[PDB]
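Before any comments, here is the structure.
Rule-based calculations on the coordinates, nothing more; no lab input. A quick note on method: Cβ atoms are made from the backbone with ideal geometry, for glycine too, and the neighbour counts reach across all protein chains shown.
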Amino acid sequence: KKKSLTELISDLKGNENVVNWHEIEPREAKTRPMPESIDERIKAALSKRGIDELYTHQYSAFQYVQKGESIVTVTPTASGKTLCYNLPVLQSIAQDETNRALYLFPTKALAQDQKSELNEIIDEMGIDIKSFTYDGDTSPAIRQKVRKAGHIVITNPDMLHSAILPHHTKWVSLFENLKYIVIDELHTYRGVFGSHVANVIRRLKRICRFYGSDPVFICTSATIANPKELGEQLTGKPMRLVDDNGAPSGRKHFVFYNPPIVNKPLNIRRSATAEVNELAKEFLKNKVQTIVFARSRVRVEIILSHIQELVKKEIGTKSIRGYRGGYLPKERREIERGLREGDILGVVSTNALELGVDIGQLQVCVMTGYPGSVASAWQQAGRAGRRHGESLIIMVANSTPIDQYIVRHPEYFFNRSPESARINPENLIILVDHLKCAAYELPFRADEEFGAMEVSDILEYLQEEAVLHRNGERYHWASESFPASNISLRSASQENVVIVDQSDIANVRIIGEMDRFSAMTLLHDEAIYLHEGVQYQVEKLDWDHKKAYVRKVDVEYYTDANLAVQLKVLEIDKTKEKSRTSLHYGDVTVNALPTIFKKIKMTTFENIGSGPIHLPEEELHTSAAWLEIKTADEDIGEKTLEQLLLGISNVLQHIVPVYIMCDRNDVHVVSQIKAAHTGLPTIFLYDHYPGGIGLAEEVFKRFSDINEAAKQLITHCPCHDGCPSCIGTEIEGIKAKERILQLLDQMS
DNA sequence: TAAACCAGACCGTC
Ligand SMILES: [Zn+2]
């Protein structure tokens with residue numbers, strides 16, 4: 001016992017199950033001096049916490065933005081990313097106190113964090129710079145003061161859409177003196193949400209043009225493939241990308257781990273959960289600060305329970321905490337603060353800590369399986385690192401085909417560049433909604449460009465629908481309606497369910513939240529809800545009022561459930577037949593039958609019983625485009641057919657979002673071996689947004705191009721048969737590429 | 001898989 005971190009690294013270097021060891025070289029801090037033009041008060045205030053020099057990226061950001069060139073920097077929060085935009089903004093306000101700035105954060109909690117840091121930095125100076133947040137949580141009594149006195153206004157894209165722009169006449173103070181627009185995590189604004197936010201930015205730019213100000217955009221993004229391009233397409237201005245990371249970095253060991261095989265005939269490996277529990281045990285017992293990511297909320301709670309039980313003998317009780325989005329605000333702000341100050345030794349988290357919140361800088365990262373994407377893997381890995389010491393990142397794979405392929409071929413992960421962020425701000429639905437909003441704000445002249453080109457046709461269409469009216473050359477708002485209130489930027493999300501502890505009537509308290517869709521299987525009438533190790537049992541799920549009345553409970557087991565998802569075609573309104581192929585387009589419904597739930601003993605993971613789930617069949621009514629394979633009696637084997645359809649669906653999931661310029665989560669591609677109406681093998685592609693937003697329609701239009709791009713992708717990737725980047729490894733035969741390509745050629 | 005957001009201002013009433 002009593003080992004150090006280097007001793008633990010050696011014990012992992014040898015005598016282990018490691019399948020790859022990737023060493024990331026240290027980096028000495030590269031710096032430039034504090035600019036002379038910086039206000040003396042700001043230089044003294046930055047002497048606090050030892051910021052007498054600037055990193056190369058911080059200095060480069062300040063210099064680019066001083067000239068007026070908009071920038072996007074790929075700088076982690078640990079490398080001093082907030083200074084890259086706080087320095088120019090605070091400098092500009094210190095020079096001329098009449099200057100203002102908008103900060104755009106993807107969440108309200110991040111806005112609060114940035115306000116707090118800005119308040120500290122400002123208080124260290126002698127200047128009276130007022131910063132405020134203006135979001136749905138801002139009480140309306142203070143909003144009047146905020147519109148007037150706020151030098152720095154910290155908002156959401158959603159609040160900007162819904163509150164600030166449609167009431168620009170109430171914000172004249174900053175729109176006339178706007179110098180900087182900060183966008184904190186650009187990569188979150190991708191896909192359909194990214195399209196909405198791009199149009200919101202267009203409206204903000206026209207508002208700023210009206211008040212005679214052309215602010216400069218300072219953006220931050222994660223390490224995606226196209227940060228400069230996403231920033232340019234999102235803000236509509238040319239961007240200067242800031243690459244170099246002048247922050248100091250130590251040695252980093254990113255290691256691949258494959259759990260041992262427990263039975264050789266049945267060919268079954270040990271759970272990544274158990275190996276992760278024991279690895280984090282050996283690291284936490286030696287007082288090494290560790291983060292553990294897991295793929296789901298239930299598995300996060302499982303790992304918390306196991307780790308705390310097997311570590312409290314040596315470490316104690318109050319050193320390991322959990323983290324997931326369903327936690328209360330106060331509760332997880334406390335968790336973040338504890339991780340930052342260093343008095344929380346370990347944390348078991350979902351992907352929620354991929355967000356650039358300031359939780360300090362961990363020593364060890366343990367991933368329970370591949371996070372899902374290369375970008376997520378690298379961002380999860382960046383949570384472990386030191387200014388000068390060493391750090392480990394253990395990716396413990398599980399039984400997934402993708403995990404096992406990443407294990408058996410580590411060069412496939414280390415050579416692949418991160419994924420790309422694609423938006424299409426010219427989606428007809430989105431562009432029409434935001435054109436109505438923009439016309440409500442300012443009368444929209446016909447020849448003035450909104451983004452790329454002119455858009456007089458949609459203006460004429462809106463005039464025809466009694467919503468706009470042309471006077472001279474400008475289209476005025478001709479409707480009694482407020483458009484911004486009817487348009488949600490992220491209409492995927494709905495109201496959440498609130499978890500209410502009724503354990504005693506005198507201290508009834510709200511303990512957490514959960515999205516409505518997940519509560520069907522996680523909060524049903526007898527489920528067990530695990531809140532950071534605290535056990536509750538759902539007494540009753542008030543589904544219509546989105547409430548879950550629960551009580552405190554101590555049991556041996558936990559609850560899990562899975563949804564039986566079926567898809568039905570309603571009416572087929574478009575179709576195209578070609579030999580052994582027929583591609584239809586129509587309306588479909590996605591039903592989720594809850595069926596049953598399982599009791600699983602927490603300690604042994606054994607099944608100890610089951611139960612029923614009486615909940616309404618949640619259904620999505622949405623447009624879809626499907627292809628079915630017309631076959632002769634000279635058919636193919638059933639299981640071979642399911643494998644082939646699975647491969648085609650993988651290639652479609654790869655190609656469709658790339659060609660239609662959306663995100664992988666914006667469209668769902670499902671496969672059926674025998675559809676209900678036809679009995680033929682069918683692949684459906686449908687956008688999950690309510691009602692639909694033209695993704696399936698564009699897929700039906702360009703499906704021939706999609707199939708050709710799919711064939712090209714299958715032919716050109718350097719794989720032996722299939723990889724997760726093309727058709728997948730689940731195909732068992734030895735001629736996977738050939739069979740899939742034949743089905744594609746037959747699908748002309 | 002997880003996670004996230006949403007007029008200003010006045011009127012009518014207790
Ligand atoms: Zn491949």
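For region A:532-546, which positions are closer than 22 Å to A:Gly609 by Cα and part of a strand (DSSP E or B)?
Let us first name the residues in region A:532-546 that are closer than 22 Å to A:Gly609 by Cα, namely A:533-541.
Passing the criteria: A:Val534, A:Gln535, A:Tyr536, A:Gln537, A:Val538, A:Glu539, A:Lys540, A:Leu541.
Name every residue in region A:496-517 that is more than 18 Å from A:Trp543 (Cβ to Cβ) and polar (S, T, N, Q), in order of residue number. Walk me through it before giving the result.
As a first pass, look at region A:496-517 and keep what is more than 18 Å from A:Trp543 (Cβ to Cβ): A:501, A:503-509, A:511.
Of everything in region A:496-517, those that are more than 18 Å from A:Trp543 (Cβ to Cβ) and polar (S, T, N, Q) turn out to be A:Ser503, A:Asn507.
Any residue in region A:100-107 that is of a type outside the set (A, V, I, L, M), in a loop (DSSP other than H, G, I, E, B) and either farther than 24 Å from A:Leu489 by Cα or without any contact (Cβ under 8 Å) to a residue 24 or more places away in the chain (or both)?
Of region A:100-107, the ones of a type outside the set (A, V, I, L, M) are A:100, A:103, A:105-107.
If we keep only those that are in a loop (DSSP other than H, G, I, E, B) too, we end up with A:105-107.
From what is left, the residues that are either farther than 24 Å from A:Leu489 by Cα or without any contact (Cβ under 8 Å) to a residue 24 or more places away in the chain (or both) are none.
No, region A:100-107 contains no residue that is of a type outside the set (A, V, I, L, M), in a loop (DSSP other than H, G, I, E, B) and either farther than 24 Å from A:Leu489 by Cα or without any contact (Cβ under 8 Å) to a residue 24 or more places away in the chain (or both).
Given A:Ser518, A:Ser503, A:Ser417, which one is within 12 Å of DNA strand B (Cβ to nearest atom) and surrounded by fewer than 20 Cβ atoms within 10 Å (Cβ to Cβ)?
Details: A:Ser503 fails: within 12 Å of DNA strand B (Cβ to nearest atom); A:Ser417 fails: within 12 Å of DNA strand B (Cβ to nearest atom).
Result: A:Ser518 is the single residue among A:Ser518, A:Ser503, A:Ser417 that is within 12 Å of DNA strand B (Cβ to nearest atom) and surrounded by fewer than 20 Cβ atoms within 10 Å (Cβ to Cβ).
Condition first: among the polar types (S, T, N, Q) and out of contact with any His (no Cβ under 8 Å at 6 or more places or on another chain). Now tell me which residues in region A:442-498 satisfy that. Write out each step before concluding.
As a first pass, look at region A:442-498 and keep what is among the polar types (S, T, N, Q): A:456, A:463, A:471, A:479, A:481, A:485-486, A:488, A:491, A:493-494, A:496.
Within region A:442-498, A:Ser456, A:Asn471, A:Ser479, A:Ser481, A:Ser485, A:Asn486, A:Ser488, A:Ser491, A:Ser493, A:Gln494, A:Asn496 qualify.
Yes or no: A:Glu495 farther than 30 Å from A:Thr604 by Cβ and surrounded by fewer than 20 Cβ atoms within 10 Å (Cβ to Cβ)?
Numbers: farther than 30 Å from A:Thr604 by Cβ: yes; surrounded by fewer than 20 Cβ atoms within 10 Å (Cβ to Cβ): yes.
Yes: the conditions hold for A:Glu495.
Here is a yes/no grid of residues against (1) on the phi < 0 side of the Ramachandran plot; (2) in contact with a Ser or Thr (Cβ under 8 Å, 6 or more places away or on another chain); (3) surrounded by fewer than 17 Cβ atoms within 10 Å (Cβ to Cβ):
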site	(1), (2), (3)
A:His187	yes, yes, no
A:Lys228	yes, no, no
A:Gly231	yes, yes, no
A:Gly236	no, no, no
A:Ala294	yes, yes, no
A:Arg297	yes, yes, no
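For residues in region A:354-373 being among the hydrophobic types (A, V, I, L, M, F, W, C), within 20 Å of the chain's Cα centre (by Cα) and crowded, with 23+ Cβ neighbours inside 10 Å, which is farthest from the ligand (Cβ to nearest atom)? Working first, answer last.
Here is the first cut: in region A:354-373, the ones among the hydrophobic types (A, V, I, L, M, F, W, C) are A:355, A:357, A:359, A:362, A:364-367.
Checking the rest, the ones that are also within 20 Å of the chain's Cα centre (by Cα) come to A:355, A:357, A:359, A:365-367.
Checking which are crowded, with 23+ Cβ neighbours inside 10 Å leaves us with A:366-367.
Details: A:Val366: 28, A:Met367: 23 Å.
The qualifying residue farthest from the ligand (Cβ to nearest atom) is A:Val366.
Just give me the residues in region A:269-292 being surrounded by fewer than 19 Cβ atoms within 10 Å (Cβ to Cβ) and among the hydrophobic types (A, V, I, L, M, F, W, C), in sequence order.
A:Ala274
Restricting attention to region A:487-518, which residues are in a loop (DSSP other than H, G, I, E, B) and either of a type outside the set (D, E, K, R) or farther than 13 Å from A:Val550 by Cβ (or both)?
First pass over region A:487-518, keeping only residues in a loop (DSSP other than H, G, I, E, B): A:487-495, A:502-504, A:508.
Correct list: A:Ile487, A:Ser488, A:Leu489, A:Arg490, A:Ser491, A:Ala492, A:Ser493, A:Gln494, A:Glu495, A:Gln502, A:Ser503, A:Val508.
Can you tell me how many residues in region A:707-748 are outside any helix (DSSP H, G or I), closer than 13 Å to A:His654 by Cβ and either among the small types (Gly, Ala, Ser) or out of contact with any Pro (no Cβ under 9 Å at 6 or more places or on another chain) (or both)? Show your work before the answer.
Taking region A:707-748 first, the residues outside any helix (DSSP H, G or I) are A:717-735, A:747-748.
Imposing the further condition that a residue be closer than 13 Å to A:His654 by Cβ reduces the set to A:717, A:719, A:722-728.
Cutting the leftovers down to either among the small types (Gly, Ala, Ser) or out of contact with any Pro (no Cβ under 9 Å at 6 or more places or on another chain) (or both) gives us A:717, A:719, A:722-723, A:725-728.
Count: 8.
If A:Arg202 meets every condition in (1) within 23 Å of A:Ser491 (Cβ to Cβ); (2) among the charged types (D, E, K, R); (3) in contact with a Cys (Cβ under 8 Å, 6 or more places away or on another chain) apart from one, which number is that one?
Every condition holds for A:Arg202 apart from (3).
Note down all Cβ pairs under 6 Å where the first residue falls in region A:149-161 and is within 13 Å of A:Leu174 (Cα to Cα), the second is of a type in the set (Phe, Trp, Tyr) and away from the ligand (no atom under 16 Å from the Cβ), and they're at least six residues apart or on different chains.
Note: pairs meeting the criteria are A:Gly150/A:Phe132; A:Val153/A:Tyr134; A:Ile154/A:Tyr103.
Go through region A:554-580 and give me each residue that's assigned to a strand (DSSP E or B), of a type in the set (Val, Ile, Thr) and either without any contact (Cβ under 8 Å) to a residue 40 or more places away in the chain or under 30 Å from A:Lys630 (Cβ atoms) (or both). First the steps, then the outcome.
As a first pass, look at region A:554-580 and keep what is assigned to a strand (DSSP E or B): A:557-561, A:564-578.
With the extra rule that they be of a type in the set (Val, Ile, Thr), the set shrinks to A:559, A:565, A:569, A:572, A:575.
Selection gives A:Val565, A:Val569, A:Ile572, A:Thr575.
Residues to consider are A:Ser649, A:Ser704, A:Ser671; find the one that is more than 29 Å from the chain's Cα centre (by Cα), closer than 22 Å to A:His584 by Cβ and either within 16 Å of DNA strand B (Cβ to nearest atom) or part of a helix (DSSP H, G or I) (or both).
Values: A:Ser649 fails: more than 29 Å from the chain's Cα centre (by Cα); A:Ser671 fails: more than 29 Å from the chain's Cα centre (by Cα).
Result: A:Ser704 is the single residue among A:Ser649, A:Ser704, A:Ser671 that is more than 29 Å from the chain's Cα centre (by Cα), closer than 22 Å to A:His584 by Cβ and either within 16 Å of DNA strand B (Cβ to nearest atom) or part of a helix (DSSP H, G or I) (or both).
For region A:725-734, name all the residues that are within 8 Å of the ligand (Cβ to nearest atom) and within 12 Å of A:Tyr412 (Cβ to Cβ). Write out each step before concluding.
Within region A:725-734, the subset within 8 Å of the ligand (Cβ to nearest atom) is A:725-727.
Passing the criteria: A:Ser725, A:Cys726.
Of all the residues that make up region A:131-164, how many are more than 10 Å from DNA strand B (Cβ to nearest atom) and crowded, with 17+ Cβ neighbours inside 10 Å?
7
For a quick check of your reading: which strands (runs of 3 or more DSSP E) sit entirely within region A:30-97 and have at least 2 residues that are out of contact with any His (no Cβ under 8 Å at 6 or more places or on another chain) and closer than 14 Å to A:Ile218 by Cβ?
Passing ranges, in order: A:71-73.
Based on what the data block shows, is A:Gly126 more than 30 Å from the chain's Cα centre (by Cα), under 20 Å from A:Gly231 (Cβ atoms) and in contact (Cβ under 8 Å) with a residue 60 or more places away in the chain? Full working, then the answer.
Details: more than 30 Å from the chain's Cα centre (by Cα): yes; under 20 Å from A:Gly231 (Cβ atoms): no; in contact (Cβ under 8 Å) with a residue 60 or more places away in the chain: yes.
So A:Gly126 does not fit the description; no.
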